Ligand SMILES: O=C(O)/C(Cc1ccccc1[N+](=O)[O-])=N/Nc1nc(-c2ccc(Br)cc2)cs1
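Taking the form deposited without this ligand, here's one chain by itself in structure tokens.
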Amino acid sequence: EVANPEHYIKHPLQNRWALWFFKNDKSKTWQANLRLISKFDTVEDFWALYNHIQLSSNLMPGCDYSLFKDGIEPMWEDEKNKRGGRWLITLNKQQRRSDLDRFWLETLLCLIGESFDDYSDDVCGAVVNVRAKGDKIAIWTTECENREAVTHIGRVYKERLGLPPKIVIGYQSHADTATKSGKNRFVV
């Protein structure tokens, strides 16, 4: 007889996730300021990383966190991002104190817990931008033409964030973001 797995085994995540940090430095390229922190693939290792790092509300404005599937870089130019896009949450200045950390934590949970069911494979990762004019949180998906998947993810995400029907959140493709000034392909 061997030991019972339940008593000593870590709780495996469906995917391995990598956490990235971005710090704004004017002298360098956008890419150069993007850096890997750390990867994990269990619930326990998720918490070990989360619990020792700064809350987003405490980061210096100009900085980002990004949680992305191992092997997917948190940039448009990644193979899995190029034809993709993002569900974007736009937060006003007061929401840094009330919602930012709550919404970001909920987003991580949606990611690592695979809350998107059949469409988990469409999810690339998520990004929180800490910015003076207003913080942003976003889930990145792989294909902006996948209307069924993109739309399912939006709906799940909104309800998990607990946002009411009056709050309209949009999905833009990265190709549009990269190449145009600030329309939504979908709303939720």
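We number the residues from 1 along the sequence you see. Residues that one form lacks are left out of the comparison. Between two forms, the rigid core is defined as the largest C-alpha subset superposing within 1.5 Å.
Quick note: we don't show the form solved in complex with this ligand, though the next part is all about it.
The partner is absent here, but in the entry with it bound a heavy atom of 49, alone among 156, 163, 144, 49, sits within 4.5 Å of this ligand. The candidate spot formed by 152, 171 and 188 lies out of contact with this ligand in the entry with it bound, as no residue has a heavy atom within 4.5 Å of it.
With a 4.5 Å cutoff on heavy atoms, residue 120 does not count as touching this ligand in the entry with it bound; it lies far away.
Using a 4.5 angstroms limit between non-hydrogen atoms, residue 43 is distant from this ligand in the entry with it bound.
Although the partner is absent from this view, residue 23 contacts this ligand in the entry with it bound, with a non-hydrogen atom inside 4.5 angstroms. The partner is not shown here, but in the entry with it bound the stretch 13 to 46 reaches within 4.5 angstroms of this ligand through a heavy atom at 21, 23, 33, 35, 37. With the rigid core aligned between this form and the one not shown, the listed residues 133, 35, 26, 52 include just one Cα displaced by at least 2 Å, namely that of 26. Segments displaced between this form and the one not shown are 25 to 28, 180 to 182 (runs of at least 3 consecutive residues, each Cα moved 2 Å or more after rigid core superposition).
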